[PDB]
Amino acid sequence: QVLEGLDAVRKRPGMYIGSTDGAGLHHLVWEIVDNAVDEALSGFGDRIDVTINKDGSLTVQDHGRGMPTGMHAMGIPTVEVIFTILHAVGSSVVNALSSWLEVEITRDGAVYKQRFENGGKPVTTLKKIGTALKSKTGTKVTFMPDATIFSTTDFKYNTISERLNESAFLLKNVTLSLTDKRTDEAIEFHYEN
Ligand SMILES: O=C(O)CCc1cccc(-c2cnc3[nH]ccc3c2)c1
């Protein structure tokens, strides 16, 4: 396995997300949502909340275990390695094709955050920003797709709604929600079994 930096994704985005049109834009959403879904499939977290923010960014929040908060080699946070090294893998690809991205992790009574800008360059380390109840766990990822890469940066409520509905049906017993702050639209899906 040859590891690569995020420049490899930015120079050949179609290789990783298929295209740079609306289909490619939404593949970014699928990658972030699918990580939360995978956690829930393993029994960690029973709701996944997606928000299309007023500024055009998108947030996915889950209540899974929380991504690793520890260190890799050289005092580099494990989360930074996940978001900045291409193991060519979804997280790093989204970061590469975003003008900014924030990851917030809650676990063990602490809330941590790291911010990346301009195609995934870290502008902070993983820093403790606050506290929470010891029971509270989860990951929140917010990203702004890079307008210099995509021909459209407009997330489509109906497209995302449909995908989240399908994911809720396949998962069972997990609530998926979508809120659009541009229009105030909102919906929730949950299938009991
Ligand atoms: O605490 C441990 O030992 C396991 C940690 C642990 C191990 C593997 C995966 C996760 C994890 C969790 N939430 C996530 N949300 C999106 C991706 C993602 C990954 C957390």
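Residues numbered from 1 in each chain as written, not as in the entry; some residues may be left out. Heavy atoms only, no water.

- If you look the protein up in the PDB entry, it shows as DNA topoisomerase IV, B subunit from Streptococcus pneumoniae GA47373.
- According to the PDB record, the title of this entry is "Crystal structure of a topoisomerase ATP inhibitor".

## Some points on the pattern of salt bridges
Opposite charge on two side chains permits them to pair, given that their charged atoms come into close proximity.
Argument step 1. Across all of its chains, the model carries twelve salt bridges by this definition.
Argument step 2. Its salt-bridge partner being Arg 10, residue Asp 146 comes within 2.8 Å of it at the nearest N-O pair.
Argument step 3. Given a relative accessible area of 5%, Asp 146 falls into the buried group.
Argument step 4. Notably, a salt bridge pairs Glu 102 with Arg 115, separated by 2.7 Å at the nearest N-O pair. With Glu 102 in strand β3 (residues 98-107) and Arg 115 in strand β4 (residues 110-117), this pair connects stretches of sequence that are 13 residues apart.
Argument step 5. A single salt-bridge network, built from bridges that share partners, covers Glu 102, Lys 113, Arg 115 and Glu 117. (Salt bridge = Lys/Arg side-chain N within 4 Å of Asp/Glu carboxyl O. Buried < 20%, exposed > 50% of the residue type's maximum accessible area, 1.4 Å probe, protein only. Helix = DSSP H or I, 4+ residues; strand = E, 2+ residues; numbered from the N terminus.)

## Overview of the site of the ligand
Argument step 1. Taken together, the residues surrounding the ligand are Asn 35, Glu 39, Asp 62, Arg 65, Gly 66, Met 67, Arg 107 and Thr 139.
Argument step 2. Contact distances for the ligand include 3.2 Å between a nitrogen atom and a side-chain N or O atom of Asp 62.
Argument step 3. One nitrogen or oxygen atom from the side chain of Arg 107 is found 2.8 Å from an oxygen atom belonging to the ligand.
Argument step 4. For the ligand, whose unbound accessible area comes to 450 Å², protein coverage reaches 64%.
Argument step 5. Along the lines of polarity and charge, the residues of the shell around the ligand split into one nonpolar, three polar and four charged. (Near = heavy atom within 4 Å. Polar contact = N/O pair within 3.5 Å; in protein donor to acceptor, adjacent residues only side chain to side chain. Areas by Shrake-Rupley, 256 points an atom, 1.4 Å probe, with all protein chains shown as cover. Nonpolar A, V, L, I, M, F, W, Y, C, P; charged D, E, K, R; others polar.)

## Remarks on the packing of helix α3 (residues 22-41) against helix α6 (residues 157-171)
Argument step 1. Orientation of α3 relative to α6, taken along the N-to-C sense of each, is 20 degrees, at an axis distance of 11 Å. When the interaxial angle is binned, α3 and α6 end up roughly parallel. Seen from above, α3 lies across α6 with right-handed handedness. Between α3 and α6, the contacting residues are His 26, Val 29, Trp 30, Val 33, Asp 34, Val 37, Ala 40 and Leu 41 on the first element and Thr 159, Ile 160, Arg 163, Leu 164, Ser 167 and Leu 171 on the second.
Argument step 2. Of the residues contributing to the contact of α3 with α6, the split by class is nine nonpolar, three polar and two charged. (Axes fitted to C-alpha atoms, helices over the stretch in contact; angles between N-to-C directions. Parallel < 35°, antiparallel > 145°, perpendicular 65-115°, else oblique. Left-handed = near helix turned anticlockwise from the far one by under 90°. Contact = heavy atoms within 4.5 Å.)

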